[PDB]
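Reading through the structure tokens given below for one structure.
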Amino acid sequence: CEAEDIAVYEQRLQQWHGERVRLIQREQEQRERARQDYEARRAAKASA
Amino acid sequence: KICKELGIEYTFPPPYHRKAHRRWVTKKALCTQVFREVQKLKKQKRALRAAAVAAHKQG
């Protein structure tokens with residue numbers, strides 16, 4: 001039963017890392033978009 | 001044709017024949033000057049608005 005658990009628990013361990021990676025990617029993409037729109041609004045100012 | 005040839009000029013009667021008296025003549029003159037001022041001031045305020053918003057939008 002150990003020998004059966006070792007196989008699965010490992011694939012879970014790689015999966016979790018895949019998820020963390022994707023999520024950090026999303027964090028970065030968001031922050032960069034926010035910085036680009038911030039530079040676009042700060043360089044040329046149009047508000048009501 | 002006749003109006004042209006005899007140089008007569010045909011004016012429509014006014015509605016309301018009333019005697020224009022000192023008070024009314026003066027007051028109306030005032031009201032007209034007031035009006036001309038006000039709409040001139042709205043025009044200047046819109047010139048200021050257009051200039052401000054344009055010079056803002058550019059940079």
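Each chain in the structure tokens gets a letter, A, B, ..., in the order shown, and its residues are numbered from 1; ligands are numbered from 1 in order too.
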inquiry  = Only residues of chain A matter here; which ones have an atom within 8 Å of chain B, counting only C-alpha atoms? Give them as a PyMOL selection string.
reply    = chain A and resi 43-47
Restricted to N, CA and C atoms, what would the selected residues look like written as a PDB file, in the first residue's frame?
```
ATOM      1  N   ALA A  43       1.630  59.518 -18.257  1.00  0.00           N
ATOM      2  CA  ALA A  43       2.328  60.257 -19.317  1.00  0.00           C
ATOM      3  C   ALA A  43       1.387  61.208 -20.071  1.00  0.00           C
ATOM      4  N   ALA A  44       0.212  60.701 -20.444  1.00  0.00           N
ATOM      5  CA  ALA A  44      -0.827  61.507 -21.086  1.00  0.00           C
ATOM      6  C   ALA A  44      -2.106  61.496 -20.245  1.00  0.00           C
ATOM      7  N   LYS A  45      -2.437  62.644 -19.653  1.00  0.00           N
ATOM      8  CA  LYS A  45      -3.535  62.721 -18.686  1.00  0.00           C
ATOM      9  C   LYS A  45      -4.874  63.134 -19.293  1.00  0.00           C
ATOM     10  N   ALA A  46      -5.831  62.210 -19.330  1.00  0.00           N
ATOM     11  CA  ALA A  46      -7.210  62.580 -19.634  1.00  0.00           C
ATOM     12  C   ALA A  46      -8.194  61.988 -18.618  1.00  0.00           C
ATOM     13  N   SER A  47      -8.775  62.848 -17.781  1.00  0.00           N
ATOM     14  CA  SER A  47      -9.853  62.452 -16.869  1.00  0.00           C
ATOM     15  C   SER A  47     -10.941  63.529 -16.761  1.00  0.00           C
TER      16      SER A  47
END
```
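Atom CA of residue 32 of chain B is positioned 20.4 Å from atom CA of residue 17 of chain B.
Atom pair atom CA of residue 38 of chain A / atom CA of residue 19 of chain A has a distance of 28.5 Å (rounded to one decimal).
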request  = Go ahead and compute the interatomic distance for atom CA of residue 7 of chain A and atom CA of residue 20 of chain A, in Å to one decimal.
outcome  = 21.0 Å
